[PDB]
$ cat protein-v8.pdb   # PDB, C-alpha atoms and all ligand atoms
ATOM      1  CA  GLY A 331     -21.657 -29.654 -57.179
ATOM      2  CA  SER A 332     -21.812 -29.147 -53.362
ATOM      3  CA  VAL A 333     -25.206 -30.991 -52.852
ATOM      4  CA  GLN A 334     -26.653 -34.075 -54.674
ATOM      5  CA  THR A 335     -30.018 -32.270 -55.457
ATOM      6  CA  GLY A 336     -30.010 -33.039 -59.244
ATOM      7  CA  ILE A 337     -32.034 -29.833 -60.074
ATOM      8  CA  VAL A 338     -30.777 -26.418 -61.420
ATOM      9  CA  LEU A 339     -32.807 -23.285 -62.431
ATOM     10  CA  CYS A 340     -31.583 -21.177 -65.362
ATOM     11  CA  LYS A 341     -30.340 -17.518 -65.571
ATOM     12  CA  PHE A 342     -32.861 -16.424 -68.299
ATOM     13  CA  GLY A 343     -35.838 -18.809 -67.686
ATOM     14  CA  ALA A 344     -38.726 -17.836 -70.026
ATOM     15  CA  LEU A 345     -36.155 -15.699 -71.994
ATOM     16  CA  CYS A 346     -33.691 -18.637 -72.498
ATOM     17  CA  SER A 347     -32.743 -18.800 -76.223
ATOM     18  CA  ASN A 348     -31.951 -22.548 -76.834
ATOM     19  CA  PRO A 349     -34.799 -25.191 -77.033
ATOM     20  CA  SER A 350     -32.764 -28.277 -75.875
ATOM     21  CA  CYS A 351     -31.259 -26.747 -72.645
ATOM     22  CA  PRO A 352     -31.258 -29.328 -69.732
ATOM     23  CA  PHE A 353     -31.851 -26.812 -66.845
ATOM     24  CA  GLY A 354     -34.969 -25.404 -65.096
ATOM     25  CA  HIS A 355     -37.493 -22.924 -66.614
ATOM     26  CA  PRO A 356     -41.171 -21.925 -65.742
ATOM     27  CA  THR A 357     -44.504 -23.305 -67.125
ATOM     28  CA  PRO A 358     -44.815 -22.622 -70.927
ATOM     29  CA  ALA A 359     -48.509 -21.623 -70.513
ATOM     30  CA  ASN A 360     -47.293 -18.409 -68.699
ATOM     31  CA  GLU A 361     -43.926 -16.520 -68.664
ATOM     32  CA  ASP A 362     -44.942 -14.355 -65.605
ATOM     33  CA  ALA A 363     -45.140 -17.243 -63.071
ATOM     34  CA  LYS A 364     -41.480 -17.250 -61.863
ATOM     35  CA  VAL A 365     -39.933 -20.568 -60.598
ATOM     36  CA  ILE A 366     -40.344 -20.872 -56.779
ATOM     37  CA  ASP A 367     -40.529 -24.710 -56.606
ATOM     38  CA  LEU A 368     -37.326 -26.760 -57.105
ATOM     39  CA  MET A 369     -39.010 -29.808 -58.645
ATOM     40  CA  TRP A 370     -39.333 -31.400 -62.092
ATOM     41  CA  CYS A 371     -43.014 -31.102 -63.149
ATOM     42  CA  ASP A 372     -45.168 -33.848 -64.814
ATOM     43  CA  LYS A 373     -46.393 -32.290 -68.170
ATOM     44  CA  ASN A 374     -43.011 -30.502 -68.702
ATOM     45  CA  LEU A 375     -43.200 -28.597 -72.073
ATOM     46  CA  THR A 376     -46.984 -29.363 -72.373
ATOM     47  CA  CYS A 377     -47.994 -28.110 -68.868
ATOM     48  CA  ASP A 378     -51.170 -26.131 -69.690
ATOM     49  CA  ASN A 379     -51.528 -24.551 -66.185
ATOM     50  CA  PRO A 380     -50.839 -20.725 -66.333
ATOM     51  CA  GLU A 381     -50.336 -20.663 -62.490
ATOM     52  CA  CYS A 382     -47.599 -23.371 -62.223
ATOM     53  CA  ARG A 383     -44.163 -22.316 -60.839
ATOM     54  CA  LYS A 384     -42.041 -25.539 -61.095
ATOM     55  CA  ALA A 385     -39.014 -26.698 -63.166
ATOM     56  CA  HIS A 386     -39.417 -27.487 -66.914
ATOM     57  CA  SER A 387     -37.095 -27.692 -70.011
ATOM     58  CA  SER A 388     -36.691 -24.569 -72.266
ATOM     59  CA  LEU A 389     -39.771 -22.605 -73.449
ATOM     60  CA  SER A 390     -37.834 -22.003 -76.736
ATOM     61  CA  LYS A 391     -39.084 -25.512 -77.761
ATOM     62  CA  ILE A 392     -42.658 -24.065 -78.171
ATOM     63  CA  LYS A 393     -41.539 -20.426 -78.632
ATOM     64  CA  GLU A 394     -38.517 -20.275 -81.057
ATOM     65  CA  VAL A 395     -36.739 -23.617 -81.921
ATOM     66  CA  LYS A 396     -33.840 -21.627 -83.531
ATOM     67  CA  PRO A 397     -31.011 -20.319 -81.205
ATOM     68  CA  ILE A 398     -28.841 -17.177 -81.715
ATOM     69  CA  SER A 399     -25.881 -15.684 -79.676
ATOM     70  CA  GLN A 400     -25.882 -19.162 -78.104
ATOM     71  CA  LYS A 401     -25.253 -19.804 -81.900
TER      72      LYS A 401
HETATM   73 ZN    ZN B   1     -31.781 -22.506 -70.129
HETATM   74 ZN    ZN B   2     -45.847 -27.409 -64.515
END

$ encode --input "protein-v8.pdb" --output "structure tokens" --more "lines below"
Ligand SMILES: [Zn+2]
Ligand SMILES: [Zn+2]
Amino acid sequence: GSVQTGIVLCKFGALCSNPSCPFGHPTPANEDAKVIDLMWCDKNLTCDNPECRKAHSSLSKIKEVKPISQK
């Protein structure tokens, strides 16, 4: 990478199909808060705030723990 930031935000976000994905997705309590903040949040996959807009692991962990097309 060109900068040592250590943070990446994903192409699909709340629509990402694999539950173990290491990149950045929105709060699981709301799919319509896009990611604007380039920071790893504190509750991650249990962040209950519907107005958060930070970086989390994949929503497929609470949504659909079974991948397809990525499998
Ligand atoms: Zn992803
Ligand atoms: Zn959060």

$ atom_distance --input "protein-v8.pdb" --atom1 "atom CA of residue A:331" --atom2 "atom CA of residue A:390"
26.5 Å

$ atom_distance --input "protein-v8.pdb" --atom1 "atom CA of residue A:401" --atom2 "atom CA of residue A:388"
15.7 Å

$ residues_near_ligand --input "protein-v8.pdb" --ligand "ligand ZN 1 (chain B)" --cutoff "12 Å" --atoms "only C-alpha atoms and all ligand atoms" --output "ChimeraX atom specification"
/A:338-356,385-391,397,400

$ residues_near_ligand --input "protein-v8.pdb" --ligand "ligand ZN 2 (chain B)" --cutoff "10 Å" --atoms "all atoms listed in the file" --output "ChimeraX atom specification"
/A:355-359,365,367,369-386

$ decode --input "protein-v8.pdb" --residues "stretch 348-369 of chain A" --atoms "N, CA, C and O atoms" --output "short mmCIF file (atom, residue, chain, number, x, y, z; two decimals), in the first residue's frame"
data_model
loop_
_atom_site.label_atom_id
_atom_site.label_comp_id
_atom_site.auth_asym_id
_atom_site.auth_seq_id
_atom_site.Cartn_x
_atom_site.Cartn_y
_atom_site.Cartn_z
N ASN A 348 -19.57 -12.46 2.80
CA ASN A 348 -18.75 -13.34 3.62
C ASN A 348 -18.55 -12.81 5.06
O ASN A 348 -18.12 -11.66 5.22
N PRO A 349 -18.84 -13.61 6.11
CA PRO A 349 -18.92 -13.14 7.51
C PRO A 349 -17.56 -12.89 8.18
O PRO A 349 -17.51 -12.22 9.21
N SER A 350 -16.46 -13.38 7.61
CA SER A 350 -15.12 -13.36 8.23
C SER A 350 -14.19 -12.29 7.62
O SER A 350 -13.08 -12.05 8.11
N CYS A 351 -14.64 -11.64 6.54
CA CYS A 351 -13.95 -10.56 5.82
C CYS A 351 -13.24 -9.54 6.75
O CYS A 351 -13.91 -8.96 7.62
N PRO A 352 -11.93 -9.25 6.54
CA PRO A 352 -11.14 -8.39 7.43
C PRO A 352 -11.34 -6.88 7.21
O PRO A 352 -10.87 -6.10 8.04
N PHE A 353 -12.01 -6.45 6.13
CA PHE A 353 -12.11 -5.02 5.79
C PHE A 353 -13.30 -4.32 6.47
O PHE A 353 -13.92 -4.86 7.39
N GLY A 354 -13.56 -3.07 6.07
CA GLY A 354 -14.41 -2.11 6.77
C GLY A 354 -15.84 -2.03 6.23
O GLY A 354 -16.05 -1.76 5.05
N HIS A 355 -16.82 -2.21 7.12
CA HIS A 355 -18.26 -2.18 6.85
C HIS A 355 -18.99 -1.29 7.90
O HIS A 355 -18.39 -1.01 8.95
N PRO A 356 -20.25 -0.85 7.67
CA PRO A 356 -20.98 0.03 8.59
C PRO A 356 -21.50 -0.69 9.85
O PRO A 356 -21.32 -1.90 10.01
N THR A 357 -22.10 0.07 10.77
CA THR A 357 -22.74 -0.44 11.99
C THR A 357 -23.78 -1.53 11.63
O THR A 357 -24.55 -1.32 10.69
N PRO A 358 -23.84 -2.67 12.33
CA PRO A 358 -24.82 -3.71 12.04
C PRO A 358 -26.25 -3.37 12.47
O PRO A 358 -27.20 -3.94 11.95
N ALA A 359 -26.41 -2.40 13.38
CA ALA A 359 -27.72 -1.92 13.83
C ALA A 359 -28.45 -1.04 12.78
O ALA A 359 -29.58 -0.64 13.02
N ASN A 360 -27.81 -0.78 11.63
CA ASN A 360 -28.38 0.01 10.52
C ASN A 360 -27.53 -0.02 9.23
O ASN A 360 -26.44 0.56 9.18
N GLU A 361 -28.08 -0.60 8.16
CA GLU A 361 -27.44 -0.67 6.84
C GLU A 361 -27.46 0.64 6.03
O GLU A 361 -26.76 0.74 5.02
N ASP A 362 -28.22 1.66 6.46
CA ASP A 362 -28.39 2.92 5.72
C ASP A 362 -27.48 4.07 6.22
O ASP A 362 -27.40 5.11 5.56
N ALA A 363 -26.76 3.88 7.34
CA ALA A 363 -25.65 4.74 7.72
C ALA A 363 -24.40 4.27 6.97
O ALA A 363 -23.75 3.30 7.38
N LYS A 364 -24.06 4.93 5.86
CA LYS A 364 -22.82 4.66 5.11
C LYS A 364 -21.57 4.91 5.98
O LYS A 364 -21.66 5.60 7.00
N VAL A 365 -20.40 4.41 5.58
CA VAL A 365 -19.15 4.65 6.33
C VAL A 365 -18.54 5.97 5.84
O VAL A 365 -18.22 6.11 4.66
N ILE A 366 -18.40 6.93 6.75
CA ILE A 366 -17.78 8.25 6.51
C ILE A 366 -16.50 8.37 7.34
O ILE A 366 -15.57 9.08 6.95
N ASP A 367 -16.40 7.61 8.44
CA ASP A 367 -15.29 7.69 9.38
C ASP A 367 -14.36 6.47 9.22
O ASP A 367 -14.81 5.32 9.23
N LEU A 368 -13.06 6.74 9.07
CA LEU A 368 -12.04 5.76 8.70
C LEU A 368 -11.35 5.34 9.99
O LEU A 368 -10.19 5.68 10.24
N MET A 369 -12.12 4.67 10.84
CA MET A 369 -11.69 4.27 12.18
C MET A 369 -12.40 3.01 12.65
O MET A 369 -13.61 2.85 12.47
#
